[PDB]
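Don't worry about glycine lacking a Cβ; one is built from the backbone with ideal geometry, like all the others, and counts go over all protein chains shown. Just so you know, all these numbers are worked out from the coordinates, no wet-lab data involved.
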Amino acid sequence: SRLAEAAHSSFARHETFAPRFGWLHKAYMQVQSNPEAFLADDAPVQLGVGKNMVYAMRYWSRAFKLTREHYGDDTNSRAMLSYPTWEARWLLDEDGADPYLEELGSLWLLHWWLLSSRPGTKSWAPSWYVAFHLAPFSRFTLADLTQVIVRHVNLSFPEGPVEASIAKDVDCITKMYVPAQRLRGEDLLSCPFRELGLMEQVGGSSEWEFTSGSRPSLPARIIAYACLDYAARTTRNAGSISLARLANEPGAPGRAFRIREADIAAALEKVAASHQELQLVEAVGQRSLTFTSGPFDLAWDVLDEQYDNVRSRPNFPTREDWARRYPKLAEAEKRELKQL
Amino acid sequence: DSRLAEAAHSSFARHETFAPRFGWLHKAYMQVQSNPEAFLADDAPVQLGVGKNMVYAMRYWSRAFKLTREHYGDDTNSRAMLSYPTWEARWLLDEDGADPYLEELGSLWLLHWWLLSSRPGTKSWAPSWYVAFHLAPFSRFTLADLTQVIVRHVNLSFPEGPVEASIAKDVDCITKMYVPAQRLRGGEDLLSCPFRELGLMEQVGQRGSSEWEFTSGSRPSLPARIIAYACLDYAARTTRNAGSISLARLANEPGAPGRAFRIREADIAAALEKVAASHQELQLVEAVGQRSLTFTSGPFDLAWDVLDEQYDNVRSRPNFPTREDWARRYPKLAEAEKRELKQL
């Protein structure tokens, strides 16, 4: 049951809103000192948005792995408070990697986090997971893709599908990834994920399709990071992962970024040239990415290099500093791990 | 032919091929609000959070989008051109303003209009853009073709001006600003540019074979009130009083919204009809028997009523400054306008 393994049962919690940059920015800025930022009586005024948008803002930060949620202490009746993740501190802080999402690679990174699943940290976007990793066809009507998601939810989640919520997810997917000109042609909002060029309307009319050209906006280091991060799901030590798996396995970068094996190989070779610990090797006649120590730390060496080594900046907190500052992050991870 | 000189200052390639970035507009605003030396300070790179080779481009983009004006400080021993935030930047970009995070596509249409904008005392900083949108005789071109058209205009308009290499860098920047990122080649690499969402420019039958075009479909992301504001703002360039301007001029005249937004006369008419229904001061009238937009009072103030309405009347918010309040806080803005007016 691939979907249940990969994702939480979360549908239409974006309240029909696609991501906005100002939402990601303002959520981080507020949640850092205030775990009650989204629950507060005057959250709408404090965050500068309407009531349903507070909800959508809270959801998007959880979905992009920028916050985790956990029970409050008892003064707080165990309300679901939000805490920023170390990754949010790394990416979005004013002294971080890319606080204004100036580089297209940072949007590819957020897209990877949205789809990402690991033991203890499942995806909050099962409809996105299905669309990219599990769906049978690259071209579909919105009703076709709604139906495909409904069918997986039937198989994966006991409470089962709420069709109207899944159809809302499919609307939201299209608003997130397709150019604005194709959206029912004030009213229209920006969405920076359209820059990824992942989805197009078929000349809706009434079909949509995921694209398949080359991806010049996707940096080699982002691909290499995602490959090592994927290998890290299952291994903590030196080892290897086949290019075939990286290209084709549901959940991996080939299907997440919609890129072919040859493109993954090209990126890995480019990056391995800069990292002694990384190689692309042949063993008749299949290529593999090799790493001489645990792939998660190496993924982060590669990723941090892309952004000129944010971790070495004055007063940048380590993952362990951050865990002591926000102990409920590990408690939330542990709560998920208990379910498995 | 001196249209380009009349419209624009002689400024080429000062962005060094960096297309606009949201982070640059935002952080420039936040810094210049209190520090006129924000782009000149020794610590500017750290303070602005940009690379040393990005400081000037960031400064340029704020001036070009009409978000700052520059003028000498009161300094007695300085030729240094200091920067001051415009009232428009306070209205648009402030945390308390119309759209600080550019969440609405209308706000990028607006910025595009401001980049192209020229009136007495406030000419455009982007001559290459002005030629590309308003003076070029073609909509489909190779980059070489566009470069040659700009060169022709620069020869006619600026006896002194730029080398060809600078104009080619403007053409490169115009492409990165407006075409989908997928058409671009990094040599990291590609930056986001929110103006790509306007869908104004596209690659055509690639190979190889080098070609691009300004697009000509309908524009669902371009709000009617942004169209109407632009029409009235355009009219305001030449009149301060009740008057009119024909739909044909709005659609076709170099500088006007038809060429700036690449929309048809019918589209402009439909937007003005929607906006005129709400505004008793505005009408569409047939005279011979061509249609005109009429206004019973000065079009600049009406343009701003229509534009502020589009953003839920920011000017009504508690403690929002009038232009006069802002002028008293930044007297160098009017000083800069006066200097330019003195040249005409």
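Of all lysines in the structure, those lying under 20 Å Cα to Cα from B:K342, and not within fewer than 8 positions of it along the same chain, are B:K66, B:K123, B:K332. The local environment of A:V31, defined by Cβ-Cβ distances under 15 Å, has a net charge of +3 under the rule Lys, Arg +1 and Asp, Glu -1. Put a plus charge on the Cβ of each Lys and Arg, a minus charge on the Cβ of each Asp and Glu, and nothing anywhere else: the dipole of the protein assembly as shown about its Cα centre is then about 580 debye. Each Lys and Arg Cβ is given +1 and each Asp and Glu Cβ -1; about its Cα centre, region A:2-210 then shows a dipole of about 480 debye. Shape descriptor for the protein assembly as shown: Rg over Rh equals 0.98 (Cα atoms; Rh from the Kirkwood inverse mean 1/r). Across peptide A:103-110, the average count of Cβ atoms from other chains found within 10 Å of a residue's Cβ is 3.
Positive contributions from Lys and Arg (+1) and negative ones from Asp and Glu (-1), summed over other residues with Cβ under 14 Å from the Cβ of A:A323, come out at +2. What shape does region B:158-262 take by its C-alpha gyration tensor, where a ≥ b ≥ c are the square roots of the eigenvalues and a/c under 1.5 counts as rounded, a/b above b/c as prolate, and the rest as oblate? Verdict is prolate for region B:158-262.
I'd like the distance separating the alpha-carbon centroids of region A:93-117 and region B:292-325, in whole Å. Measuring centre to centre over Cα atoms gives 37 Å.
Legend: distances between Cα atoms for A:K65/A:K270; A:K65/A:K338; B:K52/B:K169; pairs beyond 25 Å are A:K65/A:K270.
In terms of surrounding Cβ atoms within a 10 Å radius of their Cβ, A:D229, A:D297, B:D267 rank from fewest to most as A:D297, B:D267, A:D229.
Give me A:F291, B:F133 sorted ascending by neighbouring Cβ count inside 10 Å, so fewest comes first. Can you show the working numbers first?
On the way: A:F291 25, B:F133 22.
Neighbour counts put them in this order, fewest first: B:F133, A:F291.
Candidates A:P84, B:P254, B:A228 compared by Cα position along the dipole of the protein assembly as shown: farthest toward the positive end lies B:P254, with charges placed on Cβ. So the label point goes 7 Å from the Cα of B:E211 along Cα→C-beta, right? Which residues of region B:246-285 then have their backbone N under 14 Å from it? Inside the label zone: nothing. As an exercise, use a Förster radius of 45 Å and the Cβ-Cβ distance of A:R139 and A:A273 to find the FRET efficiency, rounded to the nearest 0.05. The pair A:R139/A:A273 has a calculated efficiency of 0.75. Listing B:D145, B:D325 from fewest to most neighbouring C-beta atoms within 10 Å gives B:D325, B:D145.
Within straight-line reach of B:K176, meaning a Cα separation under 19 Å, sit the following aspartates and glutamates at least 8 residues removed in sequence or on another chain: A:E102, A:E103, A:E195, B:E16, B:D145, B:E164, B:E188, B:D189, B:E197, B:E202, B:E211, B:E213. Computed from the Cβ-Cβ distance with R0 of 30 Å, the FRET efficiency linking B:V163 to B:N53 stands at 0.95. Along the charge dipole of region B:249-331, Cβ charges K/R +1 and D/E -1, which of B:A287, B:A327, B:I268 sits furthest on the positive end? Going by the charge dipole, the pick is B:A327.
Could you name the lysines whose alpha carbon sits less than 20 Å from that of A:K168, not counting residues in the same chain fewer than 8 places away? The qualifying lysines are A:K51.
Work out the FRET efficiency for B:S2 and B:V288 from their Cβ-Cβ distance, taking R0 = 41 Å, and round it to the nearest 0.05.
On the way: r = 30 Å, r/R0 = 0.74.
The pair B:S2/B:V288 has a calculated efficiency of 0.85.
Taking max minus min of the alpha-carbon positions on each principal axis, region B:224-312 gives extents of 30, 25, 24 Å, largest first.
Each other residue within a Cβ distance under 13 Å of B:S244 adds +1 if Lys or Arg and -1 if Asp or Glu, for a net charge of 0.
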